[PDB]
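Worksheet for the structure shown next.
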Amino acid sequence: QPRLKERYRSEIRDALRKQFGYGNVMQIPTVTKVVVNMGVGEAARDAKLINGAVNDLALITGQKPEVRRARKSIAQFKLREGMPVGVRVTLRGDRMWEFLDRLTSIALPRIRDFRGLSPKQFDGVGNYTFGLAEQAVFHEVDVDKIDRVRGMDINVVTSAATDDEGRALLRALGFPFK
Amino acid sequence: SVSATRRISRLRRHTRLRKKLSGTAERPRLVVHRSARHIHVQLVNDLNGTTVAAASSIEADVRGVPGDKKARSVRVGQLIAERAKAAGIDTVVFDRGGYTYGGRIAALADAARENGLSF
Amino acid sequence: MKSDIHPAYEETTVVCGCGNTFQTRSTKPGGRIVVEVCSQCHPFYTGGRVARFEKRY
Amino acid sequence: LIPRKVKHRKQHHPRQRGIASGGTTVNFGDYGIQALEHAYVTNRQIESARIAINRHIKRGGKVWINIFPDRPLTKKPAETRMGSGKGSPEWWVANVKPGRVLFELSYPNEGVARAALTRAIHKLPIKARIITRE
Amino acid sequence: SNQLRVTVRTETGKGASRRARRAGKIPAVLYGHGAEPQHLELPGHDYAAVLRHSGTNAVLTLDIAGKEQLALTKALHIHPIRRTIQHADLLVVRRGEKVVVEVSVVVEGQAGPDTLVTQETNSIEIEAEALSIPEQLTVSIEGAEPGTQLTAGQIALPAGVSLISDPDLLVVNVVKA
Amino acid sequence: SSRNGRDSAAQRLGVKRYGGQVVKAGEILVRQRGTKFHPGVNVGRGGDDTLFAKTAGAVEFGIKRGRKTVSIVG
RNA sequence: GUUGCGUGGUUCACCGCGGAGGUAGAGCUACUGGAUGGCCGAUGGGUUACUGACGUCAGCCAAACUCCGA
RNA sequence: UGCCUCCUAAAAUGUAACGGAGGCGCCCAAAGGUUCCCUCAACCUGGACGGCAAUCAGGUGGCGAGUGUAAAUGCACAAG
RNA sequence: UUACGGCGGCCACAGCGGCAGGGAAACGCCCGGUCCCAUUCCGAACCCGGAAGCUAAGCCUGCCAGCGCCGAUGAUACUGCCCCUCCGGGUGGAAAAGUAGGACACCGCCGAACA
Ligand SMILES: [Mg+2]
Ligand SMILES: [Mg+2]
Ligand SMILES: [Mg+2]
Ligand SMILES: [Mg+2]
Ligand SMILES: [Mg+2]
Ligand SMILES: [Mg+2]
Ligand SMILES: [Mg+2]
Ligand SMILES: [Mg+2]
Ligand SMILES: [Mg+2]
Ligand SMILES: [Mg+2]
Ligand SMILES: [Mg+2]
Ligand SMILES: [Mg+2]
Ligand SMILES: [Mg+2]
Ligand SMILES: [Mg+2]
Ligand SMILES: [Mg+2]
Ligand SMILES: [Mg+2]
Ligand SMILES: [Mg+2]
Ligand SMILES: [Mg+2]
Ligand SMILES: [Mg+2]
Ligand SMILES: [Mg+2]
Ligand SMILES: [Zn+2]
């Protein structure tokens, strides 16, 4: 039983009926998935992402990722169709709540010269997306046993209908805004 | 939404296997309908759209059967097998309904092959 | 596929230099992830030319 | 006037029969040249009939050409026997049926405008008349 | 107040209509308000008189073999060469109904500097009742700078008249040179 | 000179048995490219989309959800 | 085409019925192209009276255009 | 100069010219057989390197994508 | 008989969108991943076991013509066969576009509550 999930349905779940006037308890927003991908564009050359971009997201998120292939060829990017260019992991259920705790508690203040996250990064429906620096911040990968550094970007997908309905939800979970 | 996705996705899986499987007057079609609480089944005769026999888990005989939902699928599978033979049917074609053959539906189908129907 | 391809993800205790500690589930072997900065001992979680001419004179 | 692309470089001749059904009333201006018989009005015959409208009213008003030469016609070389392929395109042509309105015009003076369109009718290989807005 | 004595057609077709235009008269139909359409003959030259001198919105008072009937004129079919009416589309009006009708827009005024005045549309559609109050819509132009254009919005329309087309149709436009 | 002039043979496509016409079992009804018509009751498709007959009867045409079909009333 | 032997209205004409089309015409904010005048202005050109993409209001064109259709 | 698709070809089929445009002398051991499952392109909003356009996330989108290969007829029920 | 579940006919006069309302059984979301089974990663989907929560969504019923669809009559274009020198005329067919208007579907069988 992860601590962020039980803290959600103890006081976060009740507080959103006061900030927003819902008439039914099924309308209360809830984060449904957290999607993480590297997006390794330097894999159209050198063919080394199995050792470096799969062995680290397995350690960060818990489960092995999916290798994503290119949909169309681009001549300017030195790319084909069906070429491994992206590496995605999807987090559901109870491993989502443990990743959102472990991101906001011990990970996210290890960004070099960290000052916050911006609250204008909503897509219009209530789904936040930020990005990170490198194979730093997460302790589960070590800095000594790795290849070249590479960053990622993290989606957070809610059931909220609008923007600030998802801003009030992630402020309560523990995303630092400004 | 996911409740509107599941209706549209299973009646598209249901139309795909319907192009090739229709069923006639002497070989009717056993149509299953699987919800979370019960299953319904009926023999449809796709030439004038006329159900000749039907059985369901919402009637009083299937409701008082102990066990899980597969055992209540076996009981309703035995009812429409012995109601098809009261109308002169002994061979049918099996309509998946868009679902996956396995679990409760394969327990309905295998309990209807033991009791007379020859699909 | 949820069998013997995923790495080891067992329960884990994390301590901090401040004294805050909690228990989650991570991939670190031994359950001994140790941080030096956390969500309570970090800043931002807890907080002209005219004035320099006057300071010279 | 010449189209910058056409799909089919060598076409048949457009067919000269029937009364026109589109572009039969004056839509933009107040005075208009209406055709009364068939021809292939070319692009040279339009450029010659527009600069004879402009240098009679000399300023003011507006000249519309709601006719465009987008139908090619070909020509074999000169001292040539019949039939070694269809020739290369030479002319550009609009298909003009009776009833069709070729040039339109607004101008304040009813006399100079009706007499400027007459100097353009004598540049056209048709019999044409000047109709007004009702 | 436009009396016009009509009559009901005996036989109807391509042949019987060519024997009516050469015999002076002109064919038309009277429909609308759920009734079945009558197939009737207009006097030709007399109906052409009440169109040049009362616009295309003259409320006619047809005399269908003794019986009296009021009628507007929905559409015409001008022959492209003879420029004569071939066919009228008359519709009934029972003394006040909000009908959809287009009506002309005229231009009054001048322009001071070198300014060309080109008006695009000759008519806008309105809604109005029976016997014809509405007529052309006088528009004043003082000839401003060519960043000012006149629209169907801000039009001078009387009471009982409501604009139905669009409040953004460019009706009068002024430019340089 | 020209670069044109070659064509192919004419393949004699089209409806070979019209509506109401009594056919035998096995008769080629609508020879075509693709499915301009679709097969219905007692009509099988064929390799090059030939739409033959499976049982003797009379040809009748109809509509079955946008696709126009050939059937045989036995 | 003629002629010998078979078949006998099966040929053809008209009337009624059951059927497939994409010509003529027309239409195109229904597609692929061509293209006229307004309006809005991404870009390009020297801070802009030159270029005017895409859009939109009207009027149009087509043997290898077709939502239609004798 | 043989073969394949269109227009000419006059709404069944067929139809000439040193008439108008284009393809072929292959390719695939899966791009075949079968059983199940899925919906595309384009546009818009948010995102480390990342740009008009790589991978992600969400809206919109009924066929404008796709079809080993030319064109026509087909194909969203998919033949993708 | 019905503010009800299925299976078909039919494939826009039936679609899209907007505004209200409905939970007896049923369809549903929904709580879980020990068991068959499952994800090119994920109990999201598929499958299984449940009945704490609720009509917010789906679905069902009612109401609007905004967009989309249907659409005559009459006229016109074109046309068969004639008359005739072209132009046109006689006779038999007759569109497309637009207009008046239609339209927020209609019917068959089984089950459940009724009756
Ligand atoms: Mg036209
Ligand atoms: Mg060649
Ligand atoms: Mg051919
Ligand atoms: Mg073959
Ligand atoms: Mg007939
Ligand atoms: Mg016909
Ligand atoms: Mg064709
Ligand atoms: Mg034509
Ligand atoms: Mg176009
Ligand atoms: Mg333009
Ligand atoms: Mg055509
Ligand atoms: Mg032919
Ligand atoms: Mg023919
Ligand atoms: Mg295969
Ligand atoms: Mg396939
Ligand atoms: Mg209930
Ligand atoms: Mg679940
Ligand atoms: Mg509700
Ligand atoms: Mg008619
Ligand atoms: Mg129509
Ligand atoms: Zn600390």
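Just so it is clear: chains get the letters A, B, ... in the order the sequence lines come, proteins before strands, and each one is counted from 1. For the numbers below, each heavy atom of this structure counts, side chains included, while hydrogens, waters and symmetry mates do not.
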(message) Does G:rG25 have its OP1 or OP2 closer than 4.0 Å to a side-chain nitrogen or oxygen of D:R17?
(response) yes

(request) Compare side-chain N and O positions of B:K70 against OP1 and OP2 of I:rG50 and report whether any pair is under 4.0 Å apart. (result) no

(request) Please tell me if the side chains of E:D89 and E:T73 come closer than 4.5 Å, counting only heavy atoms from C-beta onward. (result) no

(request) Provide the closest heavy-atom pair for D:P3 versus D:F68 in the form atom of the first, atom of the second, distance. (result) CG-CE2, 3.7 Å

(request) Would you mind telling me which of I:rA75, H:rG14, G:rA20 lies closest to the side-chain atoms of F:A10? (result) H:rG14

(request) Decide if G:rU66 and G:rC67, neighbours in the strand, stack by the rule of centres under 5.5 Å and planes under 30 degrees. (result) no

(request) Answer yes or no: is there a donor N or O on one side and an acceptor on the other, between the side chain of A:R92 and the main chain of A:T32, under 3.5 Å? (result) yes

(message) Measuring from the side chain of E:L169 (C-beta onward, heavy atoms only), which nucleotide among I:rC78, I:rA57, G:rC57 has the closest atom?
(response) G:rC57

(request) For the nucleotides I:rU39 and I:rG90, establish whether a Watson-Crick or G-U wobble pair is present, both distances being less than 3.5 Å. (result) no

(request) For G:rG18 and G:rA58, measure between their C1' atoms and round to the nearest Å. (result) 48 Å

(request) With heavy atoms under 4.0 Å as the rule, sort E:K74 into base, sugar-phosphate or nothing. (result) sugar-phosphate

(request) List the atom of A:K78, the atom of A:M83, and the distance in Å for their closest heavy-atom pair. (result) O-SD, 4.5 Å

(message) From C-beta outward on C:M1, which listed nucleotide comes closest to its side chain: H:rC56, H:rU55, I:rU39?
(response) I:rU39

(request) From the options H:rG58, I:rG8, H:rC77, select the nucleotide whose nearest atom is closest to the side chain of B:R29. (result) I:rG8

(request) Using the closest heavy atom to pick a nucleotide of RNA chain H for each, name whichever of A:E42 or A:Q76 lands nearer the 5' end. (result) A:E42

(request) May I ask you to verify if any side-chain N or O of D:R15 is less than 4.0 angstrom from the OP1 or OP2 atom of G:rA63? (result) no

(message) Can you tell me which nucleotide in H:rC38, G:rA62, I:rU91 comes closest to the side chain of D:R71?
(response) G:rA62

(request) Kindly say if B:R37 contacts the phosphate of I:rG50, meaning a side-chain N or O under 4.0 Å from OP1 or OP2. (result) no

(message) Can you measure B:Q42 atom CD to I:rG8 atom P for me and round it to whole angstrom units?
(response) 9 Å

(request) Give a yes or no answer on whether the side chain of A:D123 reaches the backbone of A:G126 with a donor-acceptor pair at less than 3.5 Å. (result) yes

(message) Here's a test of your reading of the structure: between D:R100 and D:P3, which maps to the more 5' nucleotide of RNA chain G?
(response) D:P3

(request) Determine the contact category for A:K33: base if any of its heavy atoms lies under 4.0 Å from a base atom, sugar-phosphate if only primed atoms, P, OP1 or OP2 are that close, otherwise nothing. (result) sugar-phosphate

(request) Check the distance between H:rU55's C1' and A:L79's CG and give it to me in whole angstrom. (result) 10 Å

(message) For D:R4 and D:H12, find the nucleotide of RNA chain G closest to each by heavy atoms; which residue's nucleotide sits nearer the 5' end?
(response) D:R4

(message) At less than 4.0 Å, is any side-chain N or O atom of B:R6 found next to OP1 or OP2 of I:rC29? Yes or no.
(response) yes

(message) Strictly by Watson-Crick or wobble contacts shorter than 3.5 Å, is anything paired with I:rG62, and which nucleotide is it?
(response) I:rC19

(request) Could you tell me whether the side-chain ring of D:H8 sits stacked on the base of G:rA64, using a centroid cut-off under 5.5 Å and a plane angle under 30°? (result) yes

(message) Which nucleotide wins on minimum distance to the side chain of A:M26, given the candidates I:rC30, I:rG43, H:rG46?
(response) I:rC30

(request) Would you say whether A:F77 stacks on H:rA54? The test is a distance between ring centres of less than 5.5 Å and an angle between planes of less than 30°. (result) yes

(message) Is there a side-chain contact between B:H38 and the phosphate of I:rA112, meaning an N or O under 4.0 Å from OP1 or OP2?
(response) no

(message) When you measure only distances, ignoring hydrogens and angles, does the side chain of F:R6 come within 3.5 Å of the base of H:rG23 through a donor and an acceptor?
(response) yes

(message) Less than 4.0 angstrom between a side-chain N/O of E:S17 and OP1 or OP2 of I:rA75, yes or no?
(response) yes

(request) Report yes or no: is G:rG27 base-paired to G:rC39 (Watson-Crick or G-U wobble, both distances under 3.5 Å)? (result) no

(message) Check for me whether I:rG21 stacks on I:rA20 (ring centroids under 5.5 Å, interplanar angle under 30°).
(response) yes

(message) Whether E:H39 contacts I:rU73 is assessed here as follows: a side-chain N or O lying under 4.0 Å from the phosphate OP1 or OP2. Is that the case?
(response) no

(message) Please tell me if B:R7 has a side-chain N or O lying less than 4.0 Å from either OP1 or OP2 of I:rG6.
(response) yes

(message) Go nucleotide by nucleotide along RNA chain H from the 5' end; which of F:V15 and A:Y128 gets its closest nucleotide reached first?
(response) F:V15

(message) Counting distance alone, no hydrogens or angles: does the base of H:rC38 have a donor or acceptor under 3.5 Å from a partner atom on the side chain of B:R12?
(response) no

(request) Answer yes if G:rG18 and G:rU48 form a Watson-Crick or G-U wobble pair with both distances under 3.5 Å, and no otherwise. (result) no

(message) Is I:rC31 paired with I:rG49? Use Watson-Crick or G-U wobble and require both distances under 3.5 Å.
(response) yes

(request) Please state how far atom CZ in D:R50 lies from atom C1' in G:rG37, giving the value in whole angstrom units. (result) 15 Å

(request) Do me a favour and sort the pucker of G:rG34 into north or south by its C1'-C2'-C3'-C4' torsion. (result) north

(request) Could you tell me whether G:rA26 and G:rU66 make a Watson-Crick or G-U wobble pair, using a cut-off of under 3.5 Å for both distances? (result) yes

(request) Output yes when at least one side-chain N/O atom of A:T32 is less than 4.0 Å from OP1 or OP2 of I:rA44, else no. (result) no

(message) So C:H6, base contact, sugar-phosphate only, or nothing? Heavy-atom distance under 4.0 Å.
(response) sugar-phosphate

(request) Say whether, by atom type as modelled, one donor and one acceptor occur between the side chain of B:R13 and the main chain of B:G98 under 3.5 angstrom. (result) yes

(request) Sign of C1'-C2'-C3'-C4' decides it: give me the sugar pucker of H:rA9, north or south. (result) south

(request) Sort out for me which residue in E:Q86, E:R9, E:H87 forms a side chain to side chain donor-acceptor pair (under 3.5 Å) with E:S17. (result) E:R9

(message) Using OP1 and OP2 only, check whether a side-chain N or O of B:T100 sits under 4.0 Å from I:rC46.
(response) no

(request) Kindly say if E:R18 contacts the phosphate of I:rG90, meaning a side-chain N or O under 4.0 Å from OP1 or OP2. (result) yes

(message) Using centres closer than 5.5 angstrom and planes tilted less than 30 degrees as the test, would you call I:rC84 and I:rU85 a stacked pair?
(response) no

(message) Tell me whether H:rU73 is paired to H:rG61 (Watson-Crick: purine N1 to pyrimidine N3 plus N6-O4 or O6-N4; or G-U wobble; cut-off 3.5 Å).
(response) no

(message) Output the rounded distance in Å from CZ (F:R67) to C1' (I:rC11).
(response) 12 Å

(message) Treating D:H8 as the side-chain partner and D:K10 as the backbone partner, does any N or O pair qualify as donor plus acceptor under 3.5 Å?
(response) no

(request) Using only side-chain N and O atoms of D:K7, determine if any of them is under 4.0 Å from OP1 or OP2 of G:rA64. (result) no

(request) Whole angstrom is fine here: how far is it from CG in A:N37 over to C1' in H:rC56? (result) 4 Å

(request) For A:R45, look at atom CZ and say whether over 12 heavy atoms of other residues, nucleotides or ligands are found less than 6.0 Å away. (result) yes

(message) Tell me whether A:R80 at atom CZ has more than 12 heavy atoms from other residues, nucleotides or ligands lying less than 6.0 Å away.
(response) no

(message) OP1 or OP2 of H:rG74 versus the side-chain N and O atoms of F:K68: is any pair under 4.0 Å?
(response) no

(message) Could you tell me if the bases of G:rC50 and G:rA49 meet the stacking criterion, namely six-membered ring centres under 5.5 Å apart and ring planes under 30° to each other?
(response) no

(message) Rounded to whole Å, please give me the gap between NE2 in B:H40 and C1' in I:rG111.
(response) 9 Å

(message) Suppose the criterion is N1-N3 plus one more Watson-Crick contact, or the two G-U wobble contacts, each under 3.5 Å; do I:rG80 and I:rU91 qualify?
(response) yes

(message) Within the 4.0 Å heavy-atom criterion, would you say E:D89 contacts the bases, only the backbone, or no part of the nucleic acid?
(response) base

(request) With the thresholds 5.5 Å for ring-centre distance and 30 degrees for plane angle, say whether the bases of H:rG62 and H:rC63 stack. (result) no

